[PDB]
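Student: To start, I am sharing the structure in question, which I have written as structure tokens.
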Amino acid sequence: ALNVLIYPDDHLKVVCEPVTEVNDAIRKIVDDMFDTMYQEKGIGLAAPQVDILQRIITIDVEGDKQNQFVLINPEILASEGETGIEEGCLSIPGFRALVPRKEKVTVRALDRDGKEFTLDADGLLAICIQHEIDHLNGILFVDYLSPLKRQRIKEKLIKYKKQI
Amino acid sequence: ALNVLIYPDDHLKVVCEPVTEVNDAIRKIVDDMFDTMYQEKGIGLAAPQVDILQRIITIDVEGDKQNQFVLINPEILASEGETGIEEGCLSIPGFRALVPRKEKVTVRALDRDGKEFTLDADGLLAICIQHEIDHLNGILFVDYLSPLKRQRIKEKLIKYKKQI
Amino acid sequence: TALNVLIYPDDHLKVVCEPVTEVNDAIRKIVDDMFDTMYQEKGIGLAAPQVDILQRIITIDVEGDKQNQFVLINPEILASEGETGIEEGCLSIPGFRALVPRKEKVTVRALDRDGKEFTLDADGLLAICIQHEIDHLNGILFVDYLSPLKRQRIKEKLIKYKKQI
Amino acid sequence: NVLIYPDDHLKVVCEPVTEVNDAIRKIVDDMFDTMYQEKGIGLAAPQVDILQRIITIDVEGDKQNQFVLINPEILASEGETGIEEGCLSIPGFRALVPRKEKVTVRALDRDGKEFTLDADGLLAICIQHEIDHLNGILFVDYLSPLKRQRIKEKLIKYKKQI
Ligand SMILES: CCCCC[C@H](CC(=O)NO)C(=O)N[C@H](C(=O)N1CCC[C@H]1CO)C(C)C
Ligand SMILES: CCCCC[C@H](CC(=O)NO)C(=O)N[C@H](C(=O)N1CCC[C@H]1CO)C(C)C
Ligand SMILES: CCCCC[C@H](CC(=O)NO)C(=O)N[C@H](C(=O)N1CCC[C@H]1CO)C(C)C
Ligand SMILES: CCCCC[C@H](CC(=O)NO)C(=O)N[C@H](C(=O)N1CCC[C@H]1CO)C(C)C
Ligand code: NI
Ligand code: NI
Ligand code: NI
Ligand code: NI
């Protein structure tokens, strides 16, 4: 466990600093993220969701330490296609939204040992990558809703946070 | 007489929401922005720098108010060339650095009464437009610098903010 | 006594300054005061008559981080080339800028903070600052390249401003 | 009244005249009068504490070939030459000043009409001297720092003496 920030929260809206150096401290943040992610049954997690304002993403679609991706200072280089599934967020518990995404994405990033890599993804991986990168730029799925819908979500989550 | 946010500040790193409605309130904000820009002797200003997280930019290169530019929900249509000047920012006081920029730019935006316009710009104007639209995506000139230089500026400004 | 600056209009902003006879420590103290004034007011260049010292002294730091402080005492342009322009501002003329026709590259000889002679090639902003500050040493401001009308308008705003501050 | 070096107004770059009106023409006439009373062949407004670009020259001394230069500017100039130049604002001193021998100068006359003049010899020299004044430059500024200092100090003590 680290603490998962719930919307609304300023650090869920912040564009994160790139990692300067992928070292031991960073790799502990990565392992701690994986833990929290699995504990919460997430298929991805972005650093700011646990109050760390750095560009670090952990992903595991199938959720069994199989295809574990670490994406540090990631950038989408190319994309194509159109898709959109109903997305939920650990930082926005209890809500879903159809989010228009690119079907296919090609991404560059540093792995947990600091080595650059480039990855082509589609389907769920591609969507999860995009959901996670929005996080790094302080964008949530609610940001694709109407200001009115988003507001109503917000009010409800405020309640849930005093309640918890 | 609105106050300018000083780096580091979470709200200087926020992607701002589109203005949905260019109404009297947005116009009041515009006039307040110009006042602050003039008071603080800037040539441009983005709404987040006065802590208003919407896509509103005010520019006046000469400062005599003859050629005021209001850019609401701006989008760069196209750009080319290269330049850079050691750029300063009211939100990063005392520091300047060369930023790689396009030399010439064409933006579309809404004016003060919500009428669409297109503007072609070069020279300083073009540079300011890019810098100000960068603020709207939660990007500052120090984010183009080495993390080392960015860090020094951050440290020296946290000091200065305490003094204030 | 505060790190303040003469504001246009003022006679001493149009005075032609005399060469420093010797770079002693009244002068080095003027240099350090100028830098502090530049930094206080978030400027990139300064000339001595802007803090009311009628001497040929200029301090420049384009980046603000002190990593590249230039000091130029009794400067002279050996040569220059090309032309350029950027809407220039001045701490002595707050809230205004105007494009001023400048040389793009410039070669300047001057004395450093210790009194030792250097030569500097400069382009870009640096070269524009050098020229702008040398103009100050010769009782010339950016408003003097404008039209009587534009300048008179600026003067009028600035009197008003000076009062209110 | 003629200012005596040192004085900040003898170092001030003067403002252009915007209208050649009657205030200006009185200035011009008051300047010739002062120039002749004090035995000069050239005078510049700041020498009489008027910070505007106005020059009054008479090399002859006879009110015959009087030149008036308002908002002058040099367009061309060739050759080198020199003379032991004095200045009514710097009484009791002269210095050899390297000048252009020939000068081309465009200015407004006494009634604000534009004219352009080629000049040589003494005229040319005074024109340069007198434009220097409008740009805050005195003949002593062509001297070594210590020599300038020396004269400034004597004239400071001379100034008190009256
Ligand atoms: C779809 C794009 C990736 C979503 C990532 C999120 C984790 C998160 O909030 N990242 O910022 C998640 O796992 N959400 C879960 C989720 O929505 N899941 C889990 C299995 C399938 C998928 C349904 O969208 C929740 C509801 C447990
Ligand atoms: C430089 C491109 C435009 C930057 C805009 C800034 C104002 C700002 O903080 N905008 O977000 C500005 O006015 N900058 C000034 C500035 O530093 N300038 C003015 C000319 C270019 C640049 C420094 O070279 C400051 C000191 C008032
Ligand atoms: C750049 C030419 C040299 C001017 C330097 C001045 C400081 C000054 O008054 N020097 O005499 C400055 O810092 N000017 C700034 C300024 O306006 N700049 C920065 C770069 C160009 C110009 C405006 O575009 C101000 C507003 C802080
Ligand atoms: C030639 C340069 C113009 C100098 C004219 C000066 C008058 C002056 O003060 N001009 O600014 C003059 O006549 N000065 C006299 C003088 O000494 N002479 C003799 C004629 C001109 C000058 C020598 O240049 C006085 C002091 C007696
Ligand atoms: Ni999420
Ligand atoms: Ni800025
Ligand atoms: Ni200046
Ligand atoms: Ni004279």
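When we count neighbours, we look across all protein chains shown, and the Cβ atoms used for this are built from the backbone with ideal geometry, even at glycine. None of the figures in this text is laboratory data; all of them are computed from the coordinates on show.
Student: Which of (1) more than 11 Å from ligand 3 (Cβ to nearest atom); (2) of a type in the set (V, I, T); (3) buried (at least 19 other Cβ atoms within 10 Å of the Cβ); (4) free of Cβ contacts under 8 Å to residues at least 40 places away in the same chain is the odd one out, the single condition C:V31 does not satisfy?
Tutor: (4)
Student: Output the residues belonging to region A:120-140 that are in contact with a helix residue (DSSP H, G or I) (Cβ under 8 Å, 6 or more places away or on another chain) and more than 14 Å from chain B (Cβ to nearest Cβ).
Tutor: Within region A:120-140, A:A121, A:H131 qualify.
Student: Still on this structure, I have one more. For region C:1-21, give me each residue that is more than 9 Å from every other protein chain (Cβ to nearest Cβ) and surrounded by fewer than 18 Cβ atoms within 10 Å (Cβ to Cβ).
Tutor: Listed by number, the residues that qualify are C:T1, C:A2, C:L3, C:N4, C:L6, C:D10.
Student: Moving on. Please state which of the following conditions D:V59 fails to meet, knowing it meets all the rest: (1) in contact with a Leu (Cβ under 6 Å, 6 or more places away or on another chain); (2) among the aliphatic types (A, V, I, L, M); (3) closer than 17 Å to D:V17 by Cα.
Tutor: Evaluating D:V59 over (1) in contact with a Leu (Cβ under 6 Å, 6 or more places away or on another chain); (2) among the aliphatic types (A, V, I, L, M); (3) closer than 17 Å to D:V17 by Cα leaves (3) as the failure.
Student: Looking at B:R27, B:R55, B:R96, B:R108, which one is within 13 Å of ligand 6 (Cβ to nearest atom) and charged (D, E, K, R)?
Tutor: The unique qualifying residue is B:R96.
Student: For region C:142-157, check the following and say yes or no: at least one residue is among the aromatic types (F, W, Y) and touching a strand residue (DSSP E or B) at 6+ places or on another chain (Cβ under 8 Å).
Tutor: yes
Student: May I ask you to list the residues in region B:110-143 that are without any contact (Cβ under 8 Å) to a residue 60 or more places away in the chain, more than 16 Å from ligand 2 (Cβ to nearest atom) and hydrophobic (A, V, I, L, M, F, W, C)?
Tutor: Across region B:110-143, the qualifying residue is only B:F117.
Student: For region D:85-98, what are the residues that are out of contact with any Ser or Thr (no Cβ under 9 Å at 6 or more places or on another chain), within 13 Å of ligand 8 (Cβ to nearest atom) and under 19 Å from D:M35 (Cα atoms)?
Tutor: Of everything in region D:85-98, those that are out of contact with any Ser or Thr (no Cβ under 9 Å at 6 or more places or on another chain), within 13 Å of ligand 8 (Cβ to nearest atom) and under 19 Å from D:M35 (Cα atoms) turn out to be D:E85, D:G86, D:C87, D:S89, D:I90, D:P91, D:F93, D:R94.
Student: For region B:74-164, which fully contained strands (runs of 3 or more DSSP E) count at least 3 residues that are closer than 17 Å to B:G42 by Cβ?
Tutor: Strands (runs of 3 or more DSSP E) meeting the threshold: B:86-89, B:92-98.
Student: Taking region A:89-101, which residues are surrounded by 14 or more Cβ atoms within 10 Å (Cβ to Cβ) and not β-branched (V, I, T)?
Tutor: A:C89, A:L90, A:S91, A:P93, A:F95, A:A97, A:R101
Student: Something else about it: Could you say which residue among D:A107, D:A76, D:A95 is closer than 19 Å to C:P148 by Cβ and of a type in the set (G, A, S)?
Tutor: Matching residue, one of D:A107, D:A76, D:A95: D:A107.
Student: I've got another one for you. What about C:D65, is it under 23 Å from D:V13 (Cβ atoms), away from ligand 6 (no atom under 16 Å from the Cβ), outside any strand (DSSP E or B) and without any contact (Cβ under 8 Å) to a residue 24 or more places away in the chain?
Tutor: No; evaluated as a whole, the condition is false for this residue.
Student: So, in region D:37-56, exactly how many residues are assigned to a helix (DSSP H, G or I), under 15 Å from D:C126 (Cα atoms) and either in contact with a helix residue (DSSP H, G or I) (Cβ under 6 Å, 6 or more places away or on another chain) or of a type outside the set (S, T, N, Q) (or both)?
Tutor: Summing the residues that are assigned to a helix (DSSP H, G or I), under 15 Å from D:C126 (Cα atoms) and either in contact with a helix residue (DSSP H, G or I) (Cβ under 6 Å, 6 or more places away or on another chain) or of a type outside the set (S, T, N, Q) (or both) in region D:37-56 gives 1.
Student: Is it the case that A:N73 is under 18 Å from A:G138 (Cα atoms), within 14 Å of chain B (Cβ to nearest Cβ) and not hydroxyl-bearing (S, T, Y)?
Tutor: Spelling it out, A:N73 is indeed under 18 Å from A:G138 (Cα atoms), within 14 Å of chain B (Cβ to nearest Cβ) and not hydroxyl-bearing (S, T, Y).
Student: Okay, moving on. Among the residues of region C:24-70, how many are more than 9 Å from chain B (Cβ to nearest Cβ), more than 22 Å from C:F142 (Cα to Cα) and among the charged types (D, E, K, R)?
Tutor: 7
Student: Keeping to region C:144-164, report how many residues are touching a residue at least 40 places away in the same chain (Cβ under 8 Å) and away from every other protein chain (no Cβ under 11 Å).
Tutor: Selection size over region C:144-164: 4.
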